[PDB]
Amino acid sequence: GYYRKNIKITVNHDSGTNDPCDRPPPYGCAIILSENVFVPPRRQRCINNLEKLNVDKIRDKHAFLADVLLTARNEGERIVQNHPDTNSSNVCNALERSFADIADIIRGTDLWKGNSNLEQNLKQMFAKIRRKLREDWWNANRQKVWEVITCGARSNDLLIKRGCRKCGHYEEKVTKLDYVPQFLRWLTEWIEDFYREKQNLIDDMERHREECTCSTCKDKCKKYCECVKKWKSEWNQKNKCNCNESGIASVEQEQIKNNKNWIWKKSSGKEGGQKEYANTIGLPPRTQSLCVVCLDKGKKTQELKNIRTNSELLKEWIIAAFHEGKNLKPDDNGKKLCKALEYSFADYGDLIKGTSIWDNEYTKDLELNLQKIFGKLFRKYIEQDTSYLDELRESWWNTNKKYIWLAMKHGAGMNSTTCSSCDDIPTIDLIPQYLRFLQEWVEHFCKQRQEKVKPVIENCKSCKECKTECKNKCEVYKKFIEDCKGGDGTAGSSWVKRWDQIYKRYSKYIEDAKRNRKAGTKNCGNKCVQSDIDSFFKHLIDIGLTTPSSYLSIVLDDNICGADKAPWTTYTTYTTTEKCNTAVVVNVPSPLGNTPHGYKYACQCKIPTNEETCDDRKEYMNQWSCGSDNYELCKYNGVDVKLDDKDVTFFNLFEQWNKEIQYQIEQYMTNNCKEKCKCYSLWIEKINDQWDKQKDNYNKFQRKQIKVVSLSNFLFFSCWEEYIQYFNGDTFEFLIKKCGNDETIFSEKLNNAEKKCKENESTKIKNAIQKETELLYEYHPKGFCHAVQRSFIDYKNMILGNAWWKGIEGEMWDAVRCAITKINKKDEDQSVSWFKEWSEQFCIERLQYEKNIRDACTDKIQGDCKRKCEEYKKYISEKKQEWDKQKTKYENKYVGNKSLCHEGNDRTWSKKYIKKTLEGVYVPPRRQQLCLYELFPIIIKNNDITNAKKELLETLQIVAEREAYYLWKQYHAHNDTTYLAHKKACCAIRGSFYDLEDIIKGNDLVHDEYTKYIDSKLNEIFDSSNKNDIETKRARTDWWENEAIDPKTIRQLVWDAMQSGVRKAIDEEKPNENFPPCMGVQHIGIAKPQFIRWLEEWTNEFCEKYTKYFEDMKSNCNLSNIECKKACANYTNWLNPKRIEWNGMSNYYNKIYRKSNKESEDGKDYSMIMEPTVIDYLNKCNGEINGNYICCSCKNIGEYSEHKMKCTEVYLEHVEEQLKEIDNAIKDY
C-alpha cells in the first residue's frame, strides 16, 4: 500500500513516521518490604500510534488497516521481548490477551482505560468509511491482525489453543477464541499474575531464605495476603560435574521400527515435518526414528515429568542416546556409523537447544516438557556472566554434549579408540540443521547416483552398433535422474524441483543474513563468530559459499558421487524429455545432469564431432539457424517467421544478418590455438556459406521485385550508416579506406580473418643502424623498440625516395642481434609511435616535476613553491600547445563546494572498457559519465593513513553531492516536472550511489583508466601490512558497511551527501517544490549485482525509448516522404544496436544465475538471482516506478504486424536518395 509509507505484507515498520509508540516503562503485585484503577492489568498498552487518528488519509480504509496492523505488530514485539515467563505457552497467552485487548479497543464496546480522546478518533474513521459495523470490521480483519501481531513471536513458541507452533501464527484459523467480555478476561489475567508472582517470590526465597538464614519471606507473604484480601474486598464492582556447574557458552570458529521414507511435506497429523520448512527440505529416515518415548516403545518404567534435578535430566538423556546407539548397530564404523552417530548427536543437540526444524507429534510434548524443566530448575541464571532461556539451553547442551556422545558411542558398540577418545566430540552440531539435512540428502542422492552410474562408466568409457553396452545403461541413468516420480531421495517430485526448492531456501537464508546489519560475524568474545544461524551464514558469505552448489562442493567428500569427476560447481544444461512435457532448457549442477559428466554426445554411440565440440565450447558462436524460387531465409534460432510479405520479411532478416555478421567479424578481428582456430575456421565456413546464400537471395529479390539498388550499393549505404551511427550527424579518406567507392568488402574481411588465423597458428647505413643502436644504449634501457622502428622507418623513407622492403626489414634482425651480442661481450609506425613516445616522455617528465614541486611546498604555501608551480604551469602550457596539434594530426590520420567538471546527454552506450570471459556486458551511459575528476587530486597526495581515509571520505561526499545534483538537474531540465520525473531521477541517483559503492568496494566491471588508477591506489591505501587480495578486499569493505565513525557509517553518510546535493538542486530551480518521499527514506537495502542493475537500467531505457518511438510512428505514418521517413529511420537505426546488446546480455546472463563467488566469472556474488532466463527475471518490470524495490516499469510491448510494408518501402527509397547523394559526396574530390 502506497501511503509517509513504502510498499508490507509480512512485517511493517512504513506508516510510523507520523506518531511513534512512545508516550513509558515496558511492563514485565509490586514487591513490598516488610486510585481505583486496579481493574486494568499491569500492561496499560502501542496505543499512541493508533491515538489521534486524524491524518488526512482517512477516506480509505486501507490506511486504517495499515495503522492498526502497525500498532498490533509493535505491541506483539514489545510483549515478546518483554514478558519474563520463560514459558512459551504463557507468552502465547499474553499475546492472545493483548490481541483481545486491541480487539476491544477497535470494537470500542467495553473501552475502559485510564486513553483520553480515542473513541472520537475511531468514530471519525468509522463514519468516513460509512457500532455493529465496527464488530463486522473486526470479525473481517481478525485473521490479518492475528497474522501481524504474532510476527515477532519466537520460532519455538507453543500455543495451547484449548478454545500450535509460534503462538499459533500458522493455523489458518485466527487458534484461541477470545470473544469473552474483558471483565472476566482481566480477572483471569489478574489471578494468573498473582499466581505467577507467588511462584516468582518462591523462586526468589529459594536462593534467599536458604542462603540468608526466613522471617522476612513470611512477612512478605503476609503482606501479599492482605493485598489480595484488599483487592477482593472491592470485587459491588462485579455487577458493573555431570551438570551445569561449569556453564560453557561455546563460540563458533570455522575456516575454509516401521516404514520410513524422506518426508518433505508440512508437519502432518502424526508423521514428519515444520510449516515453514515444508516442501523445501526432506527429513532423513534416521532423523524420524530417534529413540522422549524411549522409556522402556512407550512408557512403563518411570514417568518423564519427575525431573527434580538436572542430574536426572542428564541420566534420561544419556539413556535415550545409548538406546539410539543400538538402533544403528548393523569398515562401516569409519564412514557410515561415524557419520550416522554424528548426525544423530547433532539432532539431539538441535532439539534440546530449541533449533529443530522437524516435528514428529512427540516433539511438541518434548519441547513443552523441556521448557517446563528448564524453568523449574534454573532460575538464578535467567553483571552478565552468570545470568543469561535459549542461551541457558545452549550452555547446558554445550556443558553436557560430551556425555551424550560417549553414551551413544557405548550404545553403538563404538567403545573407544575410534572415529582415549581424543577430540572425539563432533563439531557438526554447530552448523544449522538445514545444512546438515541438505548434506545428508545430497550424499544419499549421490549414493543412489553412483550405484546407477557405475555400470555406465564401466561400460562405454572407450568412447569418452551398441546393443546394451552403453545405449541401455545410460537410458536407465536418465530414467533415474529424469522421472516425475523421483525416487527414494524425494517424496513424489523430480530431483530438479527438489534442488530448486533447496536453492530457494538457501538463498533466503543468505539474503536474510546479509540484510541484518547487526554485528553478526567478527565479534571477539580471535574472530569467534557467535553460535547463531545469522552469524554462520554471514561467515559463509564472507567465505563466498553463497549457494548450495559451492557449499556442497566444499563440504562433501571426494569421489563419492561417481567414477567420472562430476563437480558440484560446473553447471550443465540439458533439454528434458519427460514430464519432470514442453521442451524447457534446464541448467543444473553436474551430478543432477541428464547424462554422466563428460558423456554428452558420447552415450548415444557417436564420435564427438568437431562441430559439436565447437557448439558446446561456448565460444565463436554465430546464432543463425539457416533454415533454407523461394527465398533461402537465414532465420534466427530464437524467433521464427510469423511488395509481398515474403520479400519484406527477407529484407528485414537480411539487414539484421548483415549488421550482426559485420559486428561479429569486427569483434573477432579485435579478439591451444589448434582447436581455437578449428572452431574459428568452422565459423568462417558457416559465415561464408551464409554470405553465399544471402547473395543468391538478394539476386532473387532483385529479379523478383523489378528498381532496387544493387547489392554493392546497399552495402555501401550500410557502411556509411554504421560510420555515421560514432560520428553522429579526415572522414573522407577514412571512409574511402574502410569501404569502397564508385560487395567485395566481405571478401576482403573473410580473407583478413583467414590470414589472421594463419598468423596466429604460425606464431654504411646497414652499419649505421647498429651504430645508432649502440649510441642509444650508451645514452642510458626502457622502450627501445620505438627508437629502432622510428630510426629504421626514417632511414627507409630517405633511401626509397612490395616484399623487397619486407625482406630488407626481416634480414636486418641479425644485425641487431649481433650488436646485442657484442654489447653483451663488453596501429601504424609513422605518427602513432611518435605519439606514444611523446606521451611516455610527458608522463616521465610530469612524474619528475611532481616530486620537484612537492619538495618545498608541503593553508596556502608561498615562497619556493610558487616558483615551482609557475614553472610547472609553463611546462603544461607548452606541452598542451603541441598536444593540440598531435591530437588533430592523429584524428586526421584516423579517428577510430564548487569544482571544475562538466555536466552531456549521451543516449548511445556500448562495451569499451571491461576487465574481462566478460562477454555481453554494456556499461550504461549514466555510469559511463560518472564524475571522478575530483577523486584524482585527493589520492594523488599519496600522506597519512588516517588523513588519507578522512580526505577520501570527504572527496566521496563531494563527488556524491555533485553527481546527485547533476543527475537531478539533467532529468528535470526538460519540460516534464511531474512525479514521474521525480521517480526517474530518484532511481538514477540510487543507481549512481550503488555504482560509487561498487567502485569503493572494488566490484565494478569497468576497467578504464579512471577506475584503474582508483583501485590501484585504494589497494595500496587499504593494505594492513599484508598483501592478501581477500584480506584487502574485505578491509576496503568493512570500512564501508561496518565503520561506524549518532553512529553514521560511510554508507548512510554518502547517502546523506547525495540527499544534500538533491536538496541543493531543489532549492535553486511550481512555486515551492517539496522533498520527494523516496529521497528521504534514509534506508538502503542490499545492492543488486552490477550486471543486474545495468540490465534493469537497459530494460527501462529501452522500454521508454520504444514507447516514445512507436507512438511517434503511429502519428506520422499510418495515414509523406520527408516526415514518415524520419520516424522510420529513427526506429530502425536504434533497434539493431539494442538487438545486439540484448543478445549479448542474454548470453551473459545464461551463465550467471545460480552461481557463487567461486564458480562464477569475475568472482561476483550473483547468487540472489535465480530466474531461469533473462525474460523470466525481467518479468518480475510489471508495475510503475516506486522507490527502490521497483525500478523498471515496462508495459505494452507486444499489445507489430502493421507499419512494416510502408516502413520498408520508404527505407528502400531512403537508400536510393542517399546513394544519389554520391554526386556531391565521392564523385567530386
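Numbers 219 to 1447, taken from the working numbering, label the letters of the sequence shown in order. The beta carbon of each residue, even a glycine, is placed where N, CA and C say it ideally should be.
- When the beta-carbon positions are compared, residue 616 and residue 751 stay at least 7 Å from each other.
- Contact annotation, residue 1148 with residue 1173: C-beta distance approximately 14 Å; criterion of less than 8 Å not satisfied.
- DSSP places residue 807 within a strand segment (E or B) once states are collapsed to three.
- Pairing residue 959 with residue 830, the inter-Cα distance amounts to about 41 Å.
- The three-state secondary structure of residue 1150, taken from DSSP, is coil.
- DSSP places residue 790 outside any alpha helix (DSSP H); the residue lies instead in the beta strand (DSSP E), whose first and last residues are 789-793.
- Between the stretch 290-307 and the stretch 589-597, the count of Cβ pairs shorter than 8 Å is three or higher; the stretches touch.
- A distance of 7 Å or more separates the beta carbons of residue 375 and residue 362.
- The Cβ-Cβ distance between residue 1292 and residue 1421 does not fall below 7 Å.
- For a cut-off of 8 Å, the C-beta gap from residue 1083 to residue 1074 is around 6 Å, short enough to register as a contact.
- Going by DSSP, residue 1016 is part of the alpha helix (DSSP H) stretching over 1002-1018.
- By the neighbour-count criterion, in which 16 or more other beta carbons inside 10 Å mark a residue as buried, residue 1394 falls on the exposed side.
- When C-alpha distances from residue 1415 are compared across 1359, 1329 and 1347, the shortest belongs to 1329.
- In this structure, residue 538 keeps its C-beta atom at 7 Å or more from the C-beta atom of residue 682.
- Closest in C-alpha terms to residue 334, from the list 299, 422 and 268, comes 268.
- Taking all protein chains in view, the Cβ of residue 887 is surrounded by fewer than 16 other Cβ atoms within 10 Å, so the residue is classified as exposed.
- Taking the CA atoms as reference points, residue 985 sits about 14 Å from residue 1027.
- Residue 520 and residue 513 do touch by the CB rule: their CB atoms are close to 7 Å apart, below 8 Å.
- Taking residue 355 as reference, the option from 866, 286 and 1249 with the minimal CA-CA separation is 286.
- When rounded, the separation of the alpha-carbon atoms in residue 876 and residue 849 is 16 Å.
- If you draw a straight line from the Cα of residue 650 to the Cα of residue 727, it comes to about 11 Å.
- Distance from the CA atom of residue 937 to the CA atom of residue 957, rounded to whole angstroms, is 7 Å.
- Using a 10 angstroms sphere on the CB of residue 1409, the tally of other CB atoms reaches 16 or more, which defines it as buried.
- Judged by pairs of C-beta atoms under 8 Å, the stretch 669-677 does not touch the stretch 492-511, as fewer than three such pairs exist.
- Annotated as distal: residue 315 and residue 369, with beta-carbon spacing of 7 Å or more.
- For the set 547, 266, 542 and 902, the Cα lying nearest the Cα of residue 562 is the one of 542.
- Between the C-alpha atoms of residue 746 and residue 1141 there is a straight-line separation of about 41 Å.
- Going by DSSP, residue 666 is part of the alpha helix (DSSP H) stretching over 651-675.
- Residue 254 and residue 453 have their C-alpha atoms some 11 Å from each other.
- Secondary structure at residue 1156: helix, using DSSP grouped into helix, strand and coil.
- Residue 1112 is positioned such that its CB atom lies no closer than 7 Å to that of residue 950.
- Around the beta carbon of residue 1222, 16 or more other beta carbons lie within 10 angstroms, which makes this residue buried.
- Put simply, of 553, 854 and 839 the residue whose alpha carbon is nearest the alpha carbon of residue 846 is 854.
- For residue 620, same chain residues with a beta-carbon under 8 Å away, outside a window of 5 residues either side, are 643 in chain order.
- Taking a contact to require three or more Cβ pairs closer than 8 Å, the stretch 1102-1112 and the stretch 1121-1128 do not qualify as touching.
- Of 568, 313 and 982, the smallest CA-CA separation from residue 645 is found for 568.
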